[PDB]
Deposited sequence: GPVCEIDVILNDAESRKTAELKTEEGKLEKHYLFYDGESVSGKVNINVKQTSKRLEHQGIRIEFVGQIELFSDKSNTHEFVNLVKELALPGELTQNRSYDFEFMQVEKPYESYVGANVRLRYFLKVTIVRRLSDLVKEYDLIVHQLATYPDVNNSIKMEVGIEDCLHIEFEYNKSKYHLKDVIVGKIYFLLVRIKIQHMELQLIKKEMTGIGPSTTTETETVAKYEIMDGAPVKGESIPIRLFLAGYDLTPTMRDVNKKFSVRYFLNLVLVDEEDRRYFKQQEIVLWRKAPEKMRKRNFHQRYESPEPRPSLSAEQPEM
């Protein structure tokens, strides 16, 4: 059989992009917290010489956190069910309406290295030897507000009374297409520096205790000195703190001298239009 799911507002609803398990980019319909989710399910059952049975058909709206490479832990934080058909013969070509009204979606979608938070519609045809399942992915964004003003910040690195390097930058919070505008100042230099660079790093923490897995990724790096990091050019998502205590995503600037390093957190946020 063939299973198709179409939203009733497909023509008017915006899309966004998300990365697959393989690293590809895909377009999916974009939802916000509180929006209703409605559409049609079509199930086409090819005619066969043998009679086919099912023990129920349903559609679910699912929001869940999938933890680890082996997806050994799944945390379902929203689940809504509409039963579409009672047990019976699996036959013919049938469409079903569904509507989930004003759906709670508390967290933004996230496709990470060791975790993914995803929302989807799931159609299940219950069957004796294996259910038939089709998942229709959706994307949820969470918008933030923050004033459009500089709030300058400094970080410093080095060796007391030998090396004092300061990086001053314009904000502690940046939106995803913003620019980190800063300057390196050489306050005290009494030894020669082999190399120095500024890094933008992403830390993804997934699990707790024995479960803990921390992934650190250098998103960007940069060799009296102006520094500008154009965030639109990177695949950034908002800072996410202790999402149902299952994972965090945090961003830092890291100043590295050669080894001497200092890091400071910056908050990334998603701006509305």
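Residues 1-3, 227-236, 272-276, 292-319 of the deposited sequence, counted from 1, carry no C-alpha coordinates in the model.
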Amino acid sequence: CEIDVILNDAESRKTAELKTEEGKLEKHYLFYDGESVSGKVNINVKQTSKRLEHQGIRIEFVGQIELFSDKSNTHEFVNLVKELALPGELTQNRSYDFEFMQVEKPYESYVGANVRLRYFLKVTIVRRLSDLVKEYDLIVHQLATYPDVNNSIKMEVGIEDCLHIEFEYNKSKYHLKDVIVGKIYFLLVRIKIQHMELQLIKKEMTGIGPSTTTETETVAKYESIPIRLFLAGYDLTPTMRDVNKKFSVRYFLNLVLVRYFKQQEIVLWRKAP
From here on, numbers count along this sequence of modelled residues.
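The mean Cα B-factor in the deposited entry runs higher for 210-218 than for the other of 233-241 and 210-218. For the two regions 247-255 and 13-21, the entry's Cα B-factors average higher over 13-21. Out of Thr74, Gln142, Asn150, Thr91, it is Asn150 whose C-alpha atom has the highest B-factor in the PDB entry. As recorded in the entry, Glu26 carries the highest CA temperature factor of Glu26, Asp33, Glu53, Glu66. When all modelled residues of the chain are sorted by CA temperature factor, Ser109 is found within the lowest third. Per-chain ranking of the deposited C-alpha B factor places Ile59 in the lowest third.
When the modelled residues of the chain are ordered by their C-alpha B factor, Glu135 lands in the lowest third. Per the deposited record, the Cα B-factor of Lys183 falls in the middle third when ranked against the other modelled residues of its chain. Compared with the other modelled residues of the chain, the Cα B-factor recorded for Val267 ranks in the lowest third.
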